[PDB]
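Going letter by letter, the sequence shown gives residues 6 to 141 in the deposited numbering.
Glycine residues also receive a C-beta, built at the ideal position from the N, C-alpha and C atoms.
This report refers to the structure that appears directly beneath it.
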Amino acid sequence: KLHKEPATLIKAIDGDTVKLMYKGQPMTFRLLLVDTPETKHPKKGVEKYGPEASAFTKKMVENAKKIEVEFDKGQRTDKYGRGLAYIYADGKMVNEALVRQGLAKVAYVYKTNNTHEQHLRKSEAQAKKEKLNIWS
Numbered sequence: 006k007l008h009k010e011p012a013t014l015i016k017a018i019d020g021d022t023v024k025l026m027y028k029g030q031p032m033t034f035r036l037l038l039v040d041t042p043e044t045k046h047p048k049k050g051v052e053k054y055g056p057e058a059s060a061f062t063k064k065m066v067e068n069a070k071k072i073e074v075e076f077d078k079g080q081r082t083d084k085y086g087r088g089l090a091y092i093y094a095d096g097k098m099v100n101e102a103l104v105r106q107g108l109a110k111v112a113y114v115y116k117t118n119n120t121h122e123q124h125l126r127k128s129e130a131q132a133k134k135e136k137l138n139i140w141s
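Printed below as a string of structure tokens:
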């Protein structure tokens with residue numbers, strides 16, 4: 006059973022990355038199970054839908070009154086020291102909102118952290134079906 010913990014927005018970095026104050030310390034969080042187009046792609050510049058996926062995440066966390074983080078059952082940090090979690094803004098999962106809007110693809114790359122994989126897969130199909138953004 007997963008559980009949500011409070012956090013405070015510090016700043017939105019990218020479509021898939023946000024800096025939050027968590028248990029009194031600043032931490033960078035990488036959104037579990039999604040891959041958004043990058044704006045800070047180490048190699049490829051600004052990918053198509055990057056600006057849009059970034060604006061989307063930023064808007065959602067910046068306008069929330071409450072942000073919560075939910076770790077999965079596997080490892081909690083990646084090799085870069087980023088927290089791996091599902092982020093909620095006023096009870097809405099950011100992870101799902103992105104996929105539903107066709108601003109992210111379902112990744113899945115830490116076999117243990119899969120609690121919401123199916124849920125996300127269904128939203129991605131719907132976004133595909135509606136040919137939105139990425140799927141357009």
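Using the three-state DSSP reduction, which class does residue i fall into: helix, strand or coil?
i: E73; result: strand
i: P56; result: helix
i: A112; result: coil
i: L89; result: strand
i: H8; result: coil
i: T120; result: coil
i: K97; result: strand
Using only CA atoms, which one of the options lies nearest to residue i?
i: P42; options: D19, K97 and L14; result: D19
i: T82; options: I139, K9, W140 and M32; result: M32
i: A94; options: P11, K116 and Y113; result: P11
i: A60; options: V74, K71, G50 and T44; result: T44
i: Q131; options: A102, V114 and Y113; result: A102
i: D40; options: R105, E135, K136 and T120; result: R105
i: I15; options: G107, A90 and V66; result: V66
Rounded to a whole number of angstroms, what is the C-alpha to C-alpha distance between residue i and residue j?
i: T62; j: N118; result: 21 angstroms
i: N100; j: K49; result: 23 angstroms
i: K110; j: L37; result: 11 angstroms
i: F34; j: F76; result: 10 angstroms
i: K84; j: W140; result: 30 angstroms
Hey, would you say the C-beta of residue i is under 8 angstroms away from at least one heavy atom of the ligand PLP?
i: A132; result: The ligand PLP is not part of this structure, which contains no ligands at all.
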